[PDB]
Undergrad: 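Before anything else, here's the structure in question.
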Amino acid sequence: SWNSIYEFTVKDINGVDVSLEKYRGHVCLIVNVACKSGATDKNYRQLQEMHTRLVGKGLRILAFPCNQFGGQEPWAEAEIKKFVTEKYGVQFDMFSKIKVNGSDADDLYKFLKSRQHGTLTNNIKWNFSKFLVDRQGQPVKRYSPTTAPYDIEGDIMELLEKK
């Protein structure tokens, strides 16, 4: 019964309910994030740089805080928002904290994982895994946590050239 990301609603980091219909016709990069990890700086800085350069062409980065990996996203939303804006100047879209694995995972992630399977198992492996979603809301690629955002630029460019 699930067919595209536009059918799902999630709370943004300010506690407001957002239908992902907002993103219709744009290329989305969906990332589970954490503030207290050794990988935090590199992921956030590359994502913010790519956002600045590519938002005009249609890139929409969605960042979902998740505390399931080493307890590395413990803070409340206000504190997460303050941290990422002060440290990285994040201008892309931040969401409220969710689970990405288990039976209480957000429906969005249950959908993403169904459409783009993992290796050995479908669980998100660590902080900062990435899913790429095309201009029709279809998940088309999944990347490991250690895939740098810049390594996804070519795939993003390919989809940004599609109608």
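The residues of the chain are indexed from 1 along the displayed sequence. Only this structure's heavy atoms are used, side chains among them; waters, hydrogens and symmetry mates stay out.
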Undergrad: Can you list the residues that meet the ring-ring contact (aromatic ring centres under 6.0 Å, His included) rule with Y88, with sequence neighbours excluded?
TA: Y44

Undergrad: Checking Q68 side chain against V100 main chain: does a donor-acceptor pair fall under 3.5 Å?
TA: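 Side chain of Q68 to backbone of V100, a donor-acceptor pair under 3.5 Å: yes, one is there.
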
Undergrad: Let me confirm one number: the CG-CG distance from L112 to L132, rounded to the nearest 0.5 Å.
TA: 11.0 Å

Undergrad: Might you work through the side chain to side chain contact (heavy atoms under 4.5 Å, CB included) test for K162 and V27, ending with a clear yes or no?
TA: CA-CA 10 Å; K162 282 185 60 169; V27 170; over 6 Å; no

Undergrad: Under 3.5 Å, side chain of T9 to main-chain N/O of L20, donor-acceptor pair present?
TA: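 The answer is no, because no donor-acceptor pair under 3.5 Å joins these two groups.
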
Undergrad: Are any of the side-chain heavy atoms of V133 and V140 separated by less than 4.5 Å?
TA: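 When only atoms from C-beta onward are counted, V140 and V133 do not touch, as no gap falls below 4.5 Å.
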
Undergrad: Apply side chain to side chain contact (heavy atoms under 4.5 Å, CB included) to the pair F64 and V31, showing each step before the final yes or no.
TA: CA-CA 6 Å; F64 289 88; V31 187; over 6 Å; no

Undergrad: Scan side-chain atoms only and decide if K36 and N127 contain a donor-acceptor pair under the 3.5 Å cut-off.
TA: no

Undergrad: Under the side chain to side chain contact (heavy atoms under 4.5 Å, CB included) rule, what do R142 and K113 come out as? Steps first, then yes or no, please.
TA: CA-CA 9 Å; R142 179 171 169 166; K113 293 186 301 177; 4.0 Å; yes

Undergrad: Between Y109 and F131, how do the two ring planes meet: parallel, tilted or perpendicular, split at 30° and 60°?
TA: perpendicular

Undergrad: Do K125 and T121 come within less than 4.5 Å of each other through their side chains, counting heavy atoms only?
TA: yes

Undergrad: Stepwise, does the salt bridge (charged side-chain N to carboxylate O under 4.0 Å, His left out) test hold for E86 with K81?
TA: CA-CA 8 Å; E86 298 188 345; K81 187 182 172 132; over 6 Å; no

Undergrad: Do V55 and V18 belong together in a cluster built from hydrophobic side chains that touch within less than 4.5 Å?
TA: no

Undergrad: Examine distances only and state if a side-chain atom of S96 and a backbone atom of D12 form a donor-acceptor pair shorter than 3.5 Å.
TA: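 Flag set: sc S96 to bb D12 pair under 3.5 Å.
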
Undergrad: Return yes when atom NZ of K42 has more than 12 non-hydrogen atoms of other residues, nucleotides or ligands closer than 6.0 Å, and no otherwise.
TA: no

Undergrad: Could you report the tightest heavy-atom contact between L159 and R135, atom names first, then the distance?
TA: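 In terms of heavy atoms, the two residues are closest at O-NE, 3.5 Å.
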
Undergrad: Say whether, by atom type as modelled, one donor and one acceptor occur between the side chain of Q48 and the main chain of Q46 under 3.5 angstrom.
TA: no

Undergrad: Not counting sequence neighbours, which residues clear side-chain contact (heavy atoms from CB on, under 4.5 Å) with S114? List them please.
TA: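 Testing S114 for side-chain contact (heavy atoms from CB on, under 4.5 Å), a comparison that skips the adjacent residues, returns none.
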
Undergrad: Does the side chain of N67 come under 3.5 Å of the side chain of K99 through a donor N or O and an acceptor N or O?
TA: no

Undergrad: Inspect the contact between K82 and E79 and indicate whether a charged nitrogen and a carboxylate oxygen are less than 4.0 angstrom apart.
TA: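 No, no charged N to carboxylate O under 4.0 Å.
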
Undergrad: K130 and side chain to side chain donor-acceptor pair (under 3.5 Å): which single residue from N43, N32, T147 fits?
TA: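 Per the side chain to side chain donor-acceptor pair (under 3.5 Å) rule, the option paired with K130 is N43, out of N43, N32, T147.
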
Undergrad: Does the distance from a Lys or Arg side-chain N to an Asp or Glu carboxylate O, for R45 and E49, drop under 4.0 Å?
TA: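 Salt bridge absent between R45 and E49.
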
Undergrad: Hey, are the side chains of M94 and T85 touching, using non-hydrogen atoms and a 4.5 Å cut-off?
TA: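 Not in contact.
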
Undergrad: Treating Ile, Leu, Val, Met, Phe, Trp and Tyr as nodes and any side-chain heavy-atom pair under 4.5 angstrom as an edge, say whether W126 and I152 lie in one connected cluster.
TA: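 No, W126 and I152 fall in different hydrophobic clusters.
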
Undergrad: Does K97 offer a backbone N or O that forms a donor-acceptor pair with the side chain of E77 under 3.5 Å?
TA: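 Side chain of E77 to backbone of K97: a pair is present.
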
Undergrad: Do the side-chain N and O atoms of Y6 and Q136 include a donor-acceptor pair separated by under 3.5 angstrom?
TA: no

Undergrad: Taking the side chain as everything from C-beta on, heavy atoms only, tell me whether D106 gets closer than 4.5 Å to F111.
TA: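 Not touching, per the 4.5 Å side-chain cut-off.
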
Undergrad: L47, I156: one ILVMFWY side-chain cluster at the under-4.5 Å cut-off?
TA: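 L47 clusters together with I156.
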
Undergrad: Please assess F92 against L62 for the test side chain to side chain contact (heavy atoms under 4.5 Å, CB included), listing each intermediate value before the final yes or no.
TA: CA-CA 7 Å; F92 52 87; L62 294 67; over 6 Å; no

Undergrad: Salt-bridge test for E158 and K141: reply yes if a basic N is under 4.0 Å from a carboxylate O, no otherwise.
TA: no

Undergrad: May I ask you to test the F128-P149 pair for a side-chain heavy-atom distance under 4.5 Å?
TA: no

Undergrad: Name the one of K11, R60, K22 that satisfies salt bridge (charged side-chain N to carboxylate O under 4.0 Å, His left out) with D93?
TA: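 The single option meeting the salt bridge (charged side-chain N to carboxylate O under 4.0 Å, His left out) with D93 is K22.
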
Undergrad: Just by distance, no angles: are the side chains of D151 and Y143 close enough, under 3.5 Å, to form a donor-acceptor pair?
TA: no

Undergrad: Given 3.5 Å as the limit, does a donor-acceptor pair link the side chain of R115 with the main chain of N3, or not?
TA: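 At least one qualifying donor-acceptor pair exists.
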
Undergrad: Any heavy-atom pair between the side chains of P65 and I98 that's under 4.5 Å?
TA: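 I98 does not reach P65 side chain to side chain.
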
